[PDB]
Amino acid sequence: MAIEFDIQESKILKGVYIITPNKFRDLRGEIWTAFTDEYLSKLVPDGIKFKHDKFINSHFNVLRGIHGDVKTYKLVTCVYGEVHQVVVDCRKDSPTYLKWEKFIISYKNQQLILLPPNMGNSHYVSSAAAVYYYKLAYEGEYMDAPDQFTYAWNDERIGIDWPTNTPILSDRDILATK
C-alpha cells in the first residue's frame, strides 16, 4: 500500500483544501501520513514552508476560536476524539467574507483542512477529550495571541451552527463576545 492524498478545494470557501490521507488498517490499528513536502508543498507559495507542529489537548465542550493571523497557513486535524472544526472566511475583501464551513473530524473522517492566512480557525470538542494536530507555515517569528485577530465563536454576522450555546471558553474567547 502506497501513501495517497485525496485533495479537493472547498465548494464554499476559495483557497481552503480538504486533504484525505489513505490508511493501512490491520489487527494492530492504523498507519497514515498527515503530510509530506512532496504532495502538500504546492498548497503554499514558494519560499513558505511548514516548519512548526502543535498538539492541543482539550476536554469535552471546549471551543477554541475564532483565531487568525495575517501570515500563517495552517493544516489542521484531530488525531484522537472528535472536533467540529470550523473555518471562517476573515478576508475582508473576499466575496464570502464571514461565510464558514464545518468539518467534523474523527476516527471515521480523518481529514486535514488547509487554511490560507486571514482565515478564522476554530474547533469544538464533541468527544470526552480530543487531540488537535496542526502544522503551521509562515516566514519569520511565530504569531502568538498578541499578533492574532479574534472573532466571537457566536458572532451574529457569521452564524456558525455549534452543537451548544454554552461552551468552555478562555478569557480571550469571552472578551471577543462583548
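Residues carry their position along the shown sequence, with the first being 1.
Please work out which of 33-41 and 64-72 has the higher mean CA B-factor as recorded in the PDB entry. The recorded data point to 33-41.
Determine, for stretches 80-88 and 95-103, which one has the higher mean CA B-factor as deposited. Higher of the two, by average CA B-factor, is 95-103.
Among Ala129, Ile56, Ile113, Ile48, which residue carries the highest C-alpha B-factor recorded in the PDB entry? Answer, based on the entry's C-alpha B-factors: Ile48.
Highest recorded C-alpha temperature factor, please, choosing from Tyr142, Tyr133, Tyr151, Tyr124. Spelled out: the listed residue with the top C-alpha B-factor is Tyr142.
Within this chain's modelled residues, let me know which third the CA B factor of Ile12 belongs to: lowest, middle or highest. Its C-alpha B-factor, which the entry lists for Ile12, ranks in the highest third among residues of this chain.
For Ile160, does the deposited CA B-factor place it in the lowest, middle or highest third of the chain? Tercile = middle for this residue's CA B-factor.
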